[PDB]
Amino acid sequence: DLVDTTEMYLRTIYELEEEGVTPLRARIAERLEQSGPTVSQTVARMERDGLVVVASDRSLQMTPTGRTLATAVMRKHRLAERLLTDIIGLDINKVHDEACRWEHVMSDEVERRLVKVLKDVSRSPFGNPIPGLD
């Protein structure tokens, strides 16, 4: 899904960086059950919408308007997998693979809801941090 697939790769770009690593398109086609060929359609499209820029070293640069939005999918991602865990108590194992889906359907007003409602924001149940204070 276009809008959803931007979020999907903008999610891996954050996830590599935090992992400590260069957001190199290649890296992503082993991350994703995907290919170079398609991966360039996505970072070609994306960059022109203004989200990522292709360069050398680590290579892929999320723009000012690239960060603020994957910062979001990711806290959306780190806050729903906690609602599925802290509140419903989902088996764990399911929790990420499933919160990879609630991260697109969750809303900003439901975030504020979960900020007044959870007993620890801070870290994903897998430890490691949840960002957006906006």
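A residue's number is simply how far along the shown sequence it sits, counting from 1.
Exercise. Should the higher mean CA B-factor in the entry be assigned to 108-116 or to 20-28?
Worked result: Result: 20-28.
For this session: Taking the mean of the C-alpha B-factors per stretch from the entry, tell me the winner out of 54-62 and 37-45.
Result: So the stretch with the higher mean C-alpha B-factor is 54-62.
Problem set entry | Largest Cα B-factor, entry values, listed residues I130, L133, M8, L2 | Result of the comparison over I130, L133, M8, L2: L133.
Exercise. For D86, does the deposited CA B-factor place it in the lowest, middle or highest third of the chain?
Worked result: Tercile = lowest for this residue's CA B-factor.
Exercise. How does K94 rank on Cα B-factor within its chain, lowest, middle or highest third?
Worked result: For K94, whose C-alpha B-factor we compare with every modelled residue in the chain, the answer is the lowest third.
Exercise. In terms of the chain's CA B-factor thirds, is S122 lowest, middle or highest?
Worked result: Middle third by C-alpha B-factor.
Problem set entry | Among modelled residues of the same chain, the CA temperature factor third for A80 | Highest third, going by the recorded CA B-factors of the chain.
For this session: Could you look up the Cα B-factor of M74 in the entry and say which third of the chain it sits in: lowest, middle or highest?
Result: Answer is highest: the recorded C-alpha B-factor places it there.
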